[PDB]
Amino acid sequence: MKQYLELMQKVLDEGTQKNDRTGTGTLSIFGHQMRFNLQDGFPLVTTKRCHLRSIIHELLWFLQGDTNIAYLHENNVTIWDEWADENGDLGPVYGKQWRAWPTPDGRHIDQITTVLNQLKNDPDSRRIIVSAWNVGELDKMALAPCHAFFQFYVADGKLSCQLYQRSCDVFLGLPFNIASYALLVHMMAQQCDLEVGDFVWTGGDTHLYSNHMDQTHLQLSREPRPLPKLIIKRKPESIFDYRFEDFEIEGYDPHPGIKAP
C-alpha cells in the first residue's frame, strides 16, 4: 500500500541497527503515523498476497475472550503456536483483557461491551478506548501486547479508530495488524449503524528484522494495486456473533505471497 511502502523505505533509510532479545538484528525507527480512509478501500497490502483467513479467525478469537489456541487450531491458524504452553495456553493476552480485564477485587471489565455502549449512547465521548496493556498481568502473558491500545471516534456519522502499536514487525506483523483493526471498525460500524471513517496507525518501536531484508527489497520493487472492497454478508445480533463466512474481500489483486523465516 503506498503508506506501507513509504514506511518500509523509511526504516531502511533511517532505521538504526539494534539487537533484540533473541540476538537477531533489526533496523528500527521510533514514532510513525499512517492514515487509512476506509471509504477508499479495505487496507489489505497488495504488494504481497496476505491471507485474510488467519486475520479473520484471530480477530474473532480475540472478541470471544479466548486465550487458548484450540479454536485457532480447529481452523488451521498457526501464528500463535510457538508462544502457547503444553496445554495451548497463552496466559491473559489480548482477548482476555478486551473481554475480562481482571480487577483486584476479583471482578472483570468487558471493554468491548463498554465501547459498544459508548458508541450507541455517547458517540462524542473522548474516552472510547480498549487497552490490552494491563500492567499487573504482563508477567502472566506469553507475550506483552504489541498492538496495545486503541481508541474510537465518531464524526459526521463515521466511525474512526486509532491504534497505538508499541512494537511493530513491519514485514510480518503490520499487514496483519492493519487489516485486523480495519476489520473491527467495519464490524463495529455495522452494529452501531455508522459508516466507516479512518484507521489511524501509530507506531512506537517500528522495525524490520534483519532476516526480512531480501523480502523487504523484493516487496519494495513492486507497485501497489488499487485496494479491495470488504463485504459483510450477514449482520449478526451482536459484535460477538460474527463468523468467518460473513466476510468477503472483492477486487483483491495482489502480487505473489512472500515467505519469511
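We call the rigid core whatever largest set of C-alpha positions still superposes within 1.5 Å between the two forms. Numbers follow the displayed sequence, beginning with 1.
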| item | value |
| --- | --- |
| Stretch with larger C-alpha RMS deviation in 4 other deposited structures of this protein, core superposed, 38 to 46 versus 208 to 216 | 208 to 216 |
| Of 150 to 158 and 104 to 112, which departs more from this form in 4 other deposited structures of this protein by CA RMS after core fitting | 104 to 112 |
| Stretch exceeding the other in mean C-alpha B-factor - 75 to 83, 120 to 128 | 75 to 83 |
| Higher-scoring stretch by recorded Cα B factor average, 84 to 92 or 164 to 172 | 84 to 92 |
| Identity of residue with top Cα B-factor, from 32, 229, 35, 207 | 229 |
| Ranked against its chain, the third holding the CA B-factor of residue 70 | highest |
| Assigned third (lowest, middle, highest) for the C-alpha B factor of residue 27 | middle |
| Third of the chain, ranked by Cα B-factor, where residue 196 sits | lowest |
| Chain thirds of CA B-factor: placement of residue 113 | lowest |
| Position of residue 219 among the chain's modelled residues by C-alpha B-factor, lowest, middle or highest third | middle |
